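Overview (structure and organization)
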Amino acid sequence: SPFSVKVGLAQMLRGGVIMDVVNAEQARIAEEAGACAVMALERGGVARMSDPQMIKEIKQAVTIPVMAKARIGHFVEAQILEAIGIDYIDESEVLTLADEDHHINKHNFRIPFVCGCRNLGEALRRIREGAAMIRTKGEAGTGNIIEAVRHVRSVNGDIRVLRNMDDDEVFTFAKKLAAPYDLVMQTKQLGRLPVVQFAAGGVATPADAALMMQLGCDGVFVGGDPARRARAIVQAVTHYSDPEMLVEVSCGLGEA
Amino acid sequence: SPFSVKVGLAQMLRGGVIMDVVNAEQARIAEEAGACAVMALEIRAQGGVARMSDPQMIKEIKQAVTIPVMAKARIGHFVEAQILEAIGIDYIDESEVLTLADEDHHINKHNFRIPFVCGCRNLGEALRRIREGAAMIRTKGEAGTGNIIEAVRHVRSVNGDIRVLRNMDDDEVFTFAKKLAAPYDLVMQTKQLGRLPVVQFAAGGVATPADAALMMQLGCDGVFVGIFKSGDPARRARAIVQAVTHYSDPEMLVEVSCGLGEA
Amino acid sequence: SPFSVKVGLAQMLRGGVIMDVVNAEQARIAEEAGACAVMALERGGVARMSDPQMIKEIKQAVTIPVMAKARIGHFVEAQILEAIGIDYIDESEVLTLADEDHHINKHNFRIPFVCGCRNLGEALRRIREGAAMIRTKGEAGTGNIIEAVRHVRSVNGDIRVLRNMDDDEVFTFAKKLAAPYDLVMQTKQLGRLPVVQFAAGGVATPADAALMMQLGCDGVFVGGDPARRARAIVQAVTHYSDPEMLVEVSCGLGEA
Amino acid sequence: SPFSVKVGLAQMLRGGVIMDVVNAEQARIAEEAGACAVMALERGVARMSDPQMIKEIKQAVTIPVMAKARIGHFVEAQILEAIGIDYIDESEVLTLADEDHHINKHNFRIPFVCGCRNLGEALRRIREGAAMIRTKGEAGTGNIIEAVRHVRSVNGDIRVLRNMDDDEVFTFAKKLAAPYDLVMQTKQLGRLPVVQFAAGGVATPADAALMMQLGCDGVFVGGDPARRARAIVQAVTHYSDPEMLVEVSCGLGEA
Amino acid sequence: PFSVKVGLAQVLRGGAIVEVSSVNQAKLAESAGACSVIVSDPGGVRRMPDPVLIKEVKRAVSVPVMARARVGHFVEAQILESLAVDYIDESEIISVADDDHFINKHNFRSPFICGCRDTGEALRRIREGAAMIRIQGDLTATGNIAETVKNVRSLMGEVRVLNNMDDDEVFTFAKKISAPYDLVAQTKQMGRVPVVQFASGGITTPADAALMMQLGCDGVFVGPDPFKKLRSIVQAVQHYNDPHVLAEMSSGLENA
């Protein structure tokens, strides 16, 4: 099935770190430091999809997958991103919401989508709409991971509750989550999220990143010395259960 | 048990003054004035997010002094803790003066070989931190104000309920544990023992020798201090130390409080 | 009894004026103008006991009794003041409260204490704790006596109510005041406060001071030309029922 | 001390059962079962009992005789004293006569009993002159639950007071709304400075022994009356002997 | 010795316990295969039953005999333990004698059963010394199993959530249900409540009894033609997974 293929496309990002970039320079610095992928964006004000010009320049400057953001519900922005060869589309709430009541119908695309979530029900709804990859979003641009921890714990928590639940109670549970029953049972069977799950929001230090991995995330997004901090976080994700290593890459990192 | 051992380790801090330091020089002054230990960190008046401090500056401090060296790890940030343990600090302070990292869960401190200090405001909160593996407790008032009023409230709160618990009808303790929301076993252990089953320091707003001595007279085993935010740090630090060691001696307290400079 | 002796110590302040001082200079100016005693203090921010250094310098510069402030509930600050020879300790709410639920146990000291109050119940509670002298406090540092008038009237009012009350109703009255019954009856017998009672808060002019005396106060605290204003207020307290005199000392006093 | 003498007159009851009675018959039956004293009353508004019915009971028994006065009705008390009664119960079970004041009991020679629900109320009644306290519960229900609450309240607060930091006792007195002196005296003694009975809903031998095991010096009590009375008396005398409690509770009859 | 009482109560697994009021009812219940009988005499105040009646029931049957004490009435319990009962049910069906404290059950040699409505409540009763829990629905004789089902499911479901929980989250969980952390861990490690758990309240038919068993209970309490209904309920509990058996036993049950 086309969906299972998109899901498979996102699995090759596991154990990786995705970095925001706004120019070709950053993209290289990001790829140089071992980022699994880069996220193209040009940055109050209304935040929209970035100019295809700058997206094309970044997709040309690196050999790793290139992602870009489309406003929530802005399916035409998504069509434009798909037409320009982008590897992943991030229907992202850190952009200015374009539709308050509906997300993009993501099945109608060939490109795999990333969607944010704060809890399990929200993750499953996004997945049912076509999301091939979930990122549990804390807060944006604060450097505080507390919200991400909440959400990661929330999603993983409910998954564990689901795994061991009496089968006859899953119906009511699906209702309470307001999530599709099929996907709820599928999540019960797998004992995890049916798609890749990253963490995003406030990851500011190597320790932050490794914490997300130790909590269960398949990877992380990141929004003094960048080239140094970048490698440190990459290393953190790869060796998230190696304290000695975590000490070494955090040592003399600089102002965060 | 390895928990009995960590608890024992902290016994050595009794009668001590722990001092915050942001560099080497300070850690040397803190030891020179007789601090029983230093607490390394790189908040209220500034903002931003306050996290674990950079290992580099922790390593430098641990090299500058011979007294135990502490460091703060954000609440719930067990990876910050792992990093501190790896660096070879003596104690980790899972500290609520840093930016909370997990709003619903504290670090599982048993999973560590290094002893933990946790803050508290009342008895239940202390007993919960201890069950989580905290080997040392500090009843925190308010941070960075220089006002001791909240520390006094918390010290009296904890000690007060401990006295209530000590003389309580045995059949009523279950309900007391519920109301405290604290493990019954630890409550009975506190009852039989007549005090916190671990070392208990005062912290928050301790600005003068009289403050420090006051905490000791209220029944604390020692105090934390934030000293360098005053006129002459060395003299003041020395005075607070002397105050803790001679807390029940007004003559000495008058001696060390004399000509201290702007607090 | 040691308490009756402390009470006696405070009686030698009757008909007098106590003045705040922050240096040896002021202390002399205050004693020169005929102050019965001086109050040593070094002044937002947290307000604490003053440095013994400056307290010692003031106790040396004058031959009149020297008072100093301890934060409410800060019994160690009080121990320090007692050890340095201070004549009176003012457990004062104009300093930063150190304990919200308990005052110093004043019996445990040899030095006589002054405590503030806003009504009778509060005065009696302070006295039961060991207070040897009461000051009915209005507000601090405003120059407005309205609050002091309220409190002086409140205390004196209830005392009068108490004096003539049916004996069988005093129990309930003690409850309503939340004050110790013994002291309530003792206050009934004496027909006044069992200790010296001064007024404090906003006393800014000779007329203010004489008004307090005419209301019943045993004296006053005071927090253009100071040496002139000081003598005027002293004279006001001594001759509080002599209008001609009050006119003379208020005449051309200056900005208050 | 005239008060200390009154307090003493009450201790002599420590370990007994006081039973309400409405005639010479009941009073005799109650004395036969072993009551340490009887409480005379006739049962709308409820008042002091008729001086005649009280005298009839005073002559028909050898144990102390108590009688109820309405809260605040100091003249009813004066009358009871003039009748030569042994104890006056300024009782909330009767129709409250003064909602704001209790009798000034220091103006009487006879010893007074007053009810209470917590420590403050107890200490306030004592300061007014009460020489004996009955921690009341629920009256006329046969349900012991409220009496247990108040006994636990009083005893619990006493224990808290016993171990409290001296410097904190002032504030504690304020919160109790109780005389500070009487509070420090209670802290020094480790108990109420007067005899303390339980009353309200005590319906079975088990109820009575429970009250004693909770720390009460005795109890008030309001099928086969004679049988139950003896059983309750025995329960109080042997409150920590399960075999006894079983024995006197067996075949008790509808309570 | 607590482990001894918990062991004893196990012999009850797979049984039905019947409320009896006479030796006649106790005999029937026994012949019908009741694993035990709970003795009681019956608005008004409901207390411990007459020790005489209890002795007759104990003498009139061989199966273990239970009796009720009011909540917190430890003296009533002393009596029951003195008369040699096999189990004491500290029962909320009777009039509570203490609203703030339960009987301290570790002071007795007799095993205790207590009621509960959720896991927290169960764990608190157990730490107090209950050797057996009954998951109580309606306290009234309503014949409605609705609340019983609610409380059984709440119990079972929390145990299942606990079983799978991230260990680091168990502390907060213990705080939330106000249960002793150490019993919570024990419950987690064992994947079940550390003592026998029976259903009680509103069980009126064989179908009701079998449902409680299929919901995971260890047995049931039960409060026209009584003998027939009794044996049917016993059989229902003994063969709770067998529909044909259940149909047989329900056939011609006069009226419940």
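This entry lists X-ray crystallography as its structure determination method and reports a resolution of 2.0000 Å.

The name recorded for chain D in the PDB entry is Pyridoxal 5'-phosphate synthase subunit PDX1.3, from Arabidopsis thaliana. Per UniProt, chain D carries the Pathway text "Cofactor biosynthesis; pyridoxal 5'-phosphate biosynthesis." You can read under Subunit in the UniProt record for chain D the words "Homodimer or heterodimer with PDX1.1 or PDX1.2. Interacts with PDX2."

Named according to the PDB entry, chain B is Pyridoxal 5'-phosphate synthase subunit PDX1.3 originating from Arabidopsis thaliana. The Catalytic activity field of the UniProt record for chain B holds the comment "aldehydo-D-ribose 5-phosphate + D-glyceraldehyde 3-phosphate + L-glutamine = pyridoxal 5'-phosphate + L-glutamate + phosphate + 3 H2O + H(+)". A UniProt comment under Pathway is attached to chain B, and it reads "Cofactor biosynthesis; pyridoxal 5'-phosphate biosynthesis."

Each helix and strand counted, chain B has 11 helices and 8 strands in total. What you see for chain B is a C-alpha radius of gyration of 18 Å, in line with the 18 Å of a compact globule of 263 residues. Overall size of chain B, expressed as C-alpha extent along the three principal axes, is 55 × 45 × 35 Å.

A few words on the overall build of chain D. Per the secondary structure count, chain D includes 11 helices and 8 strands. Here chain D has a C-alpha radius of gyration of 18 Å; the compact-globule value for 255 residues is 18 Å, and the two agree. A principal-axis box enclosing the C-alpha atoms of chain D has dimensions of 55 × 45 × 35 Å.

This part is about the packing of aromatic side chains. Considering all chains together, one arrives at 15 aromatic pairs over all chains under this definition. Relative to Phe221(C), the ring of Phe198(C) has its centre 5.8 Å away and its plane inclined at 70°; by these criteria the two rings are edge-to-face. Within this pair, whereas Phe198(C) is found in strand β7 (residues 196–200), its partner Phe221(C) is found in strand β8 (residues 219–222), the two being separated by 23 residues in sequence. You can call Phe221(C) buried: its relative accessible area is 7%. With a centroid separation of 5.2 Å and an interplanar angle of 75°, the aromatic rings of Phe108(E) and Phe112(E) are classed as edge-to-face. Judged on exposure class, the residue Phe108(E) and its partner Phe112(E) are both buried.

On to the interface of chain C and chain D. By convention, interface size is frequently given as the accessible area that disappears when the constituent parts associate. Each side of the interface is counted separately: chain C has 15 residues, and chain D has 15 residues. When chain C packs against chain D, close to 1,700 Å² is buried across both sides, 56% of that on carbon and sulfur atoms. Across the pair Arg128(C) and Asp181(D) runs a salt bridge, and its minimum N-O distance is 3.4 Å. Linking chain C with chain D are 8 residue pairs in polar contact. The set of elements that each furnish at least two residues to the side of chain C that touches chain D consists of α5 (120–128), α7 (170–177) and α8 (181–190) of chain C.

Take the nonpolar core next. A general trend in soluble globular proteins is that nonpolar side chains are found buried together. Within the largest apolar cluster, 148 residues are counted, with the highest numbers of intra-cluster contacts made by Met212(A), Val220(A), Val38(B), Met215(B), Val223(B), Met212(C) and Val220(C). When residues of this core are assigned to their parent elements, the largest contribution, 7 residues, is made by helix α9 (residues 206–215) of chain A. Counting 119 residues, the second largest nonpolar core, distinct from the first, contains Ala69(D), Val148(D), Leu162(E) and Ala236(E).

Bringing the interface of chain B and chain A into the picture now. Taken together, the contact pairs 21 residues of chain B with 26 residues of chain A. No other element matches the 7 residues that helix α4 (residues 78–87) of chain B contributes to the side of chain B that touches chain A. Among the residues making up the side of chain B that touches chain A, the classes are represented as 9 nonpolar, 5 polar and 7 charged.

Let us look at the UniProt feature "active site" in chain D. Residues and elements named next belong to chain D. Per the UniProt annotation, the sites labelled "active site" are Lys68. Among the structural elements, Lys68 can be located in strand β3 (residues 65–70). A relative accessible area of 7% means that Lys68 is categorised as buried. For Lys68, the residues in contact, after removing those within four places along its chain, are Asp20, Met39, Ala40, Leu41, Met48, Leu80, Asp89, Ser91, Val93 and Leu94.

Our next topic: the side chain of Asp211(B). Its place among the elements puts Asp211(B) in helix α9 (residues 209–217). Leaving out residues up to four positions away in the same chain, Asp211(B) has contacts with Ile148(B), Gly205(B), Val206(B), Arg48(C), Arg71(C) and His74(C).

A separate point is empty space enclosed by the protein. Within this model, the largest cavity holds a volume of roughly 40 Å³. What lines the largest cavity is simply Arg156(B), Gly73(C), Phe75(C), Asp99(C), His102(C), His103(C), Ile104(C), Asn105(C) and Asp167(D). Grouping the constituent residues of the lining of the largest cavity by class yields 2 nonpolar, 4 polar and 3 charged. Space inside the second largest cavity adds up to approximately 30 Å³.

Our next topic: the sheet that holds strand β4 (residues 88–92) of chain A. Residue and element names in this part refer to chain A. Taken together, 8 strands build a closed barrel; the order of strands is β1-β2-β3-β4-β5-β6-β7-β8 and the barrel is parallel. Looking at each pair of strands side by side, their axes are set apart by 30° on average, direction ignored. Inspection of the sheet shows strand β5 (residues 113–117) paired to strand β6 (residues 133–137) by 4 bridges, in the parallel sense. By the bridge assignment for β6, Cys117 is matched with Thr136.

All names here are of chain B. Look at the UniProt record and you will see "active site" annotated at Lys72. Turning to its location among the elements, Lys72 is positioned in strand β3 (residues 69–74). Apart from the residues within four sequence positions on either side, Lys72 is in contact with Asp20, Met39, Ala40, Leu41, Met52, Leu84, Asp93, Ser95, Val97, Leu98 and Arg138. Separated by 2.7 Å, the side chains of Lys72 and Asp93 make a polar contact.

All names here are of chain C. Read once around its circumference, the closed barrel built from 8 strands follows the order β1-β2-β3-β4-β5-β6-β7-β8, with strand pairing classed as parallel. With direction set aside, neighbouring strand axes in the sheet form an average angle of 30°. In this structure, strand β4 (residues 88–92) lies alongside strand β5 (residues 113–117), joined through 3 bridges in parallel fashion. Bridge pairing in β5 places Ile89 opposite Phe113. Docked against the sheet, helix α3 (residues 52–61) engages β1 (16–21), β2 (37–40) and β3 (66–71), running at close to 165° with respect to β2. Contacts from α5 reach β5 and β6 (133–137), with the element oriented near 160° to β5.

What follows covers the packing of helix α7 (residues 170–177) of chain A against helix α8 (residues 181–190) of chain A. Residue and element names in this part refer to chain A. Where α7 contacts α8, the two axes come as close as 9 Å, and the packing angle between them is 115°. With respect to their mutual orientation, α7 and α8 come out roughly perpendicular. In this structure, the crossing between α7 and α8 has a hand that is right-handed. Together, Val170, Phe171, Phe173 and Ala174 of α7 and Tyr181, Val184, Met185 and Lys188 of α8 make up the contact between the two elements. Partitioning the contact of α7 with α8 into residue classes produces 7 nonpolar, no polar and 1 charged.

As for its placement among the helices and strands, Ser249(D) is situated in helix α11 (residues 242–249). Owing to a relative accessible area of 7%, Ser249(D) belongs among the buried residues under this scheme. Distance from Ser249(D) to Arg227(D), taken between C-alpha atoms, is 9.8 Å for residues 22 residues apart in sequence. For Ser249(D), the contacting residues outside a window of four places in its chain are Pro205(D), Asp50(E), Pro51(E) and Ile79(E).

What follows is about a negative patch on the surface. On the surface, a cluster of negative charge is made up of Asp166(C), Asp167(C), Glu169(C) and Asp100(D). Looking at where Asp166(C) falls in the secondary structure, it is placed in the loop between α6 (146–163) and α7. A residue is classified by how much of its surface remains accessible, and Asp166(C), at 44% relative accessible area, is partly exposed.

This next bit is on the arrangement of the chains. There is a clear gap between chain A and chain C: no contact, and 31 Å between their nearest C-alpha atoms. No part of chain A reaches chain D; the closest C-alpha pair between them is 40 Å apart.

Below, the discussion takes up a nonpolar patch on the surface. Nonpolar side chains collect at one region of the surface, where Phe75(A), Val76(A), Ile80(A) and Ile84(A) lie side by side and expose about 320 Å² of accessible area between them. Looking at the element boundaries, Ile84(A) is found in the loop between α4 (75–83) and β4.

Criteria and cut-off values
Residues numbered from 1 in each chain as written, not as in the entry; some residues may be left out. Chains lettered and ligands numbered in written order. Part of a larger assembly, values for the part shown. Heavy atoms only, no water. Residues with missing side-chain atoms left out of burial classes, pairs and counts. UniProt positions renumbered as here; feature names shortened; annotations may be inferred. Helix = DSSP H or I, 4+ residues; strand = E, 2+ residues; numbered from the N terminus. Rg over C-alpha atoms; globule rule 2.2 N^0.38 Å. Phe/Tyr/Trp six-rings, centres within 6.5 Å; stacked < 30°, edge-to-face > 60°. Buried < 20%, exposed > 50% of the residue type's maximum accessible area, 1.4 Å probe, protein only. Contact = heavy atoms within 4.5 Å. Buried area = accessible area lost by both parts, 1.4 Å probe. Salt bridge = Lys/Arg side-chain N within 4 Å of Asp/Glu carboxyl O. Polar contact = N/O pair within 3.5 Å; in protein donor to acceptor, adjacent residues only side chain to side chain. Core = buried A, V, L, I, M, F, W, Y, C linked by side-chain atoms within 4.5 Å. Nonpolar A, V, L, I, M, F, W, Y, C, P; charged D, E, K, R; others polar. 1 Å grid on protein atoms, 1.4 Å probe; cavity = no way out; pocket = protein on both sides within 12 Å on 5 of 7 lines; lining within 4 Å. Points joined across faces, edges and corners; volume = space filled by probe spheres on them. Pairing = 2+ DSSP bridges. Axes fitted to C-alpha atoms, helices over the stretch in contact; angles between N-to-C directions. Parallel < 35°, antiparallel > 145°, perpendicular 65-115°, else oblique. Left-handed = near helix turned anticlockwise from the far one by under 90°. Patch = residues over 30% accessible without salt bridge, like charges linked within 9 Å, V, L, I, M, F, W, Y side chains within 5 Å. Areas by Shrake-Rupley, 256 points an atom, 1.4 Å probe, with all protein chains shown as cover. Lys, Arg positive; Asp, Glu negative; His and termini not counted. Charge placed at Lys NZ, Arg CZ, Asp CG, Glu CD.

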